[PDB]
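See below for the structure under consideration.
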Amino acid sequence: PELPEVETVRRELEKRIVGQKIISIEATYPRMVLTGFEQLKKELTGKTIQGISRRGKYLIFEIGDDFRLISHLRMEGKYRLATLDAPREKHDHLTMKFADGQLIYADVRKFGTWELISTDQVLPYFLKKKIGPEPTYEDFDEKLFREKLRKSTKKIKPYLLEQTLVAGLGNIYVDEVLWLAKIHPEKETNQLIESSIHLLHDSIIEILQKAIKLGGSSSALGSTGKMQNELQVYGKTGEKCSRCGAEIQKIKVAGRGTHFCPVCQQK
DNA sequence: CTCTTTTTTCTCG
DNA sequence: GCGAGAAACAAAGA
Ligand SMILES: Cc1nc2[nH]c(=S)[nH]c(=O)c2nc1C
């Protein structure tokens with residue numbers, strides 16, 4: 001998932017598990033709890049969930065006054081709310097059991113992570129990762145964005161994926177953003193002119209906010225999304241851009257599959 | 001059978 | 001510092 005899918009999960013969880021007391025925590029794959037499963041089980045058992053926040057693609061469970069559980073779903077992580085007698089599925093790894101149901105984390109590829117962090121360490125945790133601003137008009141300052149692009153010789157798509165210019169773009173939405181901003185994914189950022197940077201800035205915000213409103217792209221929480229029907233380029237290799245007959249091409253850029261419309265996205 | 005395909009961090013040169 | 005490649009892992013397809 002990318003930011004819109006994580007935000008969709010965050011909103012469904014906020015409606016349903018806030019106020020719930022954790023009765024028990026169980027793991028078939030404790031190694032995904034990077035801070036230590038036994039410690040997490042000891043600290044969080046019997047605590048009440050006070051809220052769910054998000055930073056970039058990270059979910060932040062607020063559990064008691066003094067702990068946050070930072071969860072990253074990486075490539076394929078999925079949460080679901082199930083009855084207490086729900087059967088185990090093959091890639092279920094962790095469960096948080098409440099009195100009237102349970103929250104189960106599954107992840108085929110086992111990439112996702114849980115980290116127990118004290119409340120006053122949450123902001124330092126994200127500072128250390130150098131996560132950039134949230135993709136909103138209030139937080140995403142174009143002036144700083146422009147200065148960072150001017151000072152770099154990186155290609156725009158890898159640089160956007162690093163999460164440092166702005167948080168939350170992954171492979172789907174960076175391809176959508178560059179198509180909307182008419183920018184070649186291998187364009188060196190110090191070559192972007194001011195008017196292109198402005199369109200890129202606005203397009204980042206508009207694509208991600210539209211995706212959030214449509215519930216992201218897609219049985220678990222967050223599989224209700226409609227954004228996949230509005231994708232213009234991602235995963236549409238060989239299909240038309242609607243640009244008078246031009247077809248979408250797929251290349252590899254810094255190891256990632258990359259979908260773009262060459263007519264509209266020249267360097 | 002092999003090889004490729006689908007977020008973050010690490011190693012190498 | 002940089003880019004390239006790969007590692008963590010599972011499954012599906014060519
Ligand atoms: C924190 C971080 N996240 C990333 N996420 C993606 S999708 N691609 C990246 O290259 C990347 N790089 C860094 C350093």
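Letters go in sequence order (proteins before strands), and every chain restarts at 1. Side chains included, hydrogens not; waters and symmetry mates left out as well; all remaining heavy atoms used.
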OP1 or OP2 of B/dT7 under 4.0 Å from side-chain N/O of A/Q163: no
With sequence neighbours excluded, residues passing side chain to side chain contact (heavy atoms under 4.5 Å, CB included) with A/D100: A/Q20, A/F98
Interatomic distance, A/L169 CG vs B/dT8 P [rounded to whole Å]: 11 Å
Inter-nucleotide P distance (C/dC9, B/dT11), Å rounded: 16 Å
Collect all protein-nucleotide pairs involving nucleotides 2-6 of chain B in which both atoms are nitrogen or oxygen and the distance is under 3.5 Å.
residue: B/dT6; atom: OP1; partner: A/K250; partner atom: NZ; Å: 2.8

Gap between atoms OH and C1', on A/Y125 and B/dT9 respectively (whole Å): 12 Å
Salt bridge (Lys or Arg N to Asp or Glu O under 4.0 Å) involving A/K155 - partner list, sequence neighbours excluded: A/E186
Classified sugar conformation, B/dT4, by whichever sign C1'-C2'-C3'-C4' takes: south
Value in whole Å for how far the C1' atom of C/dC9 lies from NE2 of A/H93: 9 Å
All side chain to side chain donor-acceptor pair (under 3.5 Å) counterparts of A/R74, not counting sequence neighbours: none
Length of the CD1-P vector between A/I70 and B/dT8, whole Å: 13 Å
Give me the distances for all protein-to-nucleotides 11-14 of chain C N/O pairs that come in under 3.5 Å?
residue: C/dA11; atom: OP1; partner: A/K90; partner atom: NZ; Å: 2.9
residue: C/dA11; atom: OP1; partner: A/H91; partner atom: NE2; Å: 3.3

Any A/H72 side-chain nitrogen or oxygen under 4.0 Å from OP1 or OP2 of B/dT7: no
Hydrophobic cluster (4.5 angstrom, side-chain heavy atoms) - remaining members for A/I23: none
Non-neighbouring partners of A/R256 that pass salt bridge (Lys or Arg N to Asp or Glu O under 4.0 Å), sequence neighbours left out: none
Side chain to side chain donor-acceptor pair (under 3.5 Å) partners of A/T189, counting only residues at least two apart: none
So which protein nitrogen or oxygen atoms get under 3.5 Å of nucleotides 1-3 of chain C's nitrogens or oxygens?
none

Check: A/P1 and A/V9 side chains under 4.5 Å, non-hydrogen atoms: no
Distance below 4.0 Å between A/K57 side-chain N/O and B/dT7 OP1 or OP2: yes
Atom-pair distance (CG on A/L161; P on C/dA4), nearest Å: 14 Å
All salt bridge (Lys or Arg N to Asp or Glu O under 4.0 Å) counterparts of A/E206, not counting sequence neighbours: none
Atom-pair distance (NZ on A/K110; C1' on B/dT7), nearest Å: 17 Å
Geometric cation-pi criterion, A/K128 with A/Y125: 6.0 Å, 45°: no
Modelled atom types, side-chain donor and acceptor of A/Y79 and A/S71, under 3.5 Å: yes
Euclidean distance, atom CZ of residue A/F111 to atom P of B/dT8 [Å, nearest integer]: 12 Å
Partners passing side chain to side chain contact (heavy atoms under 4.5 Å, CB included) against A/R150 (at least two apart in sequence or in another chain): A/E147
Between B/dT4 and C/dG5 - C1' atom distance, rounded Å: 15 Å
Nearest-Å distance for atom pair CG/P, residues A/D107 and B/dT8: 13 Å
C1'-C2'-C3'-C4' sign verdict for the sugar of B/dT5, north or south: north
Whole-angstrom distance between C/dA6 and B/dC3, as gauged at atom P: 12 Å
Residues forming a salt bridge (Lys or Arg N to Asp or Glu O under 4.0 Å) with A/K57, sequence neighbours excluded: none
